[PDB]
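In case you want the letters, here they are:
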Amino acid sequence: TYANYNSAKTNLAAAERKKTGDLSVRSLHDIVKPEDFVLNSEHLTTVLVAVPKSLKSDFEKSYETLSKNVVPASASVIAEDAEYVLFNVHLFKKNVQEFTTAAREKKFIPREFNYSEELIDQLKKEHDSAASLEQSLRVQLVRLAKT
Amino acid sequence: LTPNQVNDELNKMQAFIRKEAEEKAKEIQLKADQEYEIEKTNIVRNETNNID
Amino acid sequence: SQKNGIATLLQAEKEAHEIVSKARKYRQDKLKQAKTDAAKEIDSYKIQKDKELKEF
């Protein structure tokens, strides 16, 4: 019972921590799928994520370093993450080196990750499973303690 | 203009698409030639054995 | 909306690649047909040799 409670608490802590998005990938439920590793692969479309300062010009300053190899569109960063930049921008995988250089030069600290439909559904299922496991482990521990 | 420069860069990206199309066409032509040669060579050999 | 040109280029590349793949498949089918034609020609030459062998 104690091990089950510990595992459920760890799952709940992971679920709570992964939903921040200040310096990492935010919750898939709050995330946008298209052009964010959902499709957007190869030459079809593009996906990017970084935190260059807290302004669009700085994001444009970072995106200018990409050399316009692929997805020349300027990066747009707008979110509440650390009251600063958190972007879902275009950087094609055909220019993965240029995609990285779109954020590396300006120290944007990119936080891109896979957010496909399957990935988002799996993340939602994992969060729901963590919550349900916490509740079920609490009930099981209460019953075990009563016994 | 940077958006105009963005348009030029998008055209350059479309050029990488045209080069990819040319490479695919060249690969298709090479496959066509190789398949035709192999089909002409291998099939006749057994046929020649039967014909002889 | 900033990726409209990127999507257009992607569509052009995908259409060209699909056309090339269809042409390559048709070329494989044509190579198989050429093999069939060569086999039929070998059979006809064998029949002619059979007339030639009958001449012997």
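Parameters and conventions
Each chain's residues are numbered sequentially from 1 according to the written sequence, a convention that need not reproduce the entry's numbering, and residues without coordinates are excluded. Lettering of chains starts at A and numbering of ligands starts at 1, both following the order in which they are written. For these chains, which sit within a larger assembly, all listed values pertain solely to the part presented. Side-chain numbers come from the whole structure's heavy atoms, not from hydrogens or water. Residues with missing side-chain atoms are left out of burial classes, side-chain pairs and their counts. Runs of H or I in DSSP of at least four residues are treated as helices and runs of E of at least two as strands, each being numbered from the N terminus. The size measure is the radius of gyration over C-alpha atoms, and the globule rule it meets is 2.2 Å times the number of residues to the 0.38 power. Throughout, a contact is declared for two residues whenever any of their heavy atoms are within 4.5 Å. Residues are grouped as follows: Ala, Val, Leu, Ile, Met, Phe, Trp, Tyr, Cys and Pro are nonpolar; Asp, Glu, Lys and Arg are charged; every other residue, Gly included, is polar. Here the axes come from fitting lines to C-alpha atoms, over the contacting stretch only for helices, and the angles between their N-to-C directions go from 0 to 180 degrees. Convention used here: angles under 35 degrees read as roughly parallel, angles over 145 as roughly antiparallel, angles from 65 to 115 as roughly perpendicular, and any remaining angle as oblique. Crossings are classed by handedness, with left-handed meaning an anticlockwise turn of the near helix from the far one by less than a right angle and right-handed meaning a clockwise turn.

The name given to chain C in the PDB entry is V-type proton ATPase subunit G, and the organism recorded there is Saccharomyces cerevisiae. Each PDB entry has a title, and for this one the record gives "V-ATPase from Saccharomyces cerevisiae, State 3".

The name given to chain A in the PDB entry is V-type proton ATPase subunit C, with Saccharomyces cerevisiae as the source organism.

Turning our attention to the overall build of chain A. Secondary structure assignment for chain A yields four helices and zero strands. The linear arrangement of helices and strands in chain A, starting from the amino end, is α-α-α-α. For chain A, the C-alpha radius of gyration of 19 Å lies well beyond 15 Å, the compact-globule estimate for 147 residues. Expressed along its principal axes, the backbone C-alpha trace of chain A runs to roughly 65 × 30 × 20 Å. For chain A, contacts bridging at least 24 residues in sequence account for 69% of all contacts bridging at least 6.

Along its length, chain C carries one helix and zero strands. For 56 residues, the compact-globule formula gives about 10 Å, and the C-alpha radius of gyration of chain C, at 24 Å, lies well above that figure. For the C-alpha atoms alone, the extent of chain C along its principal axes is close to 80 × 5 × 5 Å.

For the rest of this paragraph, the subject is the interface of chain B and chain C. Facing 13 residues of chain B, the contacting portion of chain C comprises 10 residues. The residue inventory of the side of chain B that touches chain C, partitioned by class, reads eight nonpolar, one polar and four charged.

Quick look at the packing of helix α1 (residues 2–51) of chain B against helix α1 (residues 4–55) of chain C now. Contact geometry for α1(B) and α1(C): axes closest at 8 Å, N-to-C directions at 15 degrees. One element, α1(B), and the other, α1(C), form an angle in the roughly parallel class. Our pair here, α1(B) against α1(C), has a crossing hand that is right-handed.

Attention now moves to unusual backbone geometry. Residues and elements named next belong to chain A. Look at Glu-35: it is not a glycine, yet its phi comes out positive at around 60 degrees. With respect to the secondary-structure elements, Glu-35 resides in the loop between α1 (2–18) and α2 (56–64). Here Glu-42, not a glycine, exhibits a phi torsion of approximately 55 degrees, which is positive. Here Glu-42 is to be found in the loop between α1 and α2.

Moving on to the packing of α1(A) against helix α4 (residues 117–146) of chain A. Residues and elements named next belong to chain A. Closest axis-to-axis distance for the α1/α4 pair is 8 Å, and the angle between their directions is 150 degrees. With respect to each other, α1 and α4 are oriented roughly antiparallel. Between α1 and α4 the crossing geometry is left-handed. Of the residues in α4, those touching α1 at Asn-4, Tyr-5, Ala-8, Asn-11, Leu-12 and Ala-15 are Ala-130, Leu-133, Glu-134 and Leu-137. Classifying every residue of the contact of α1 with α4 gives seven nonpolar, two polar and one charged.

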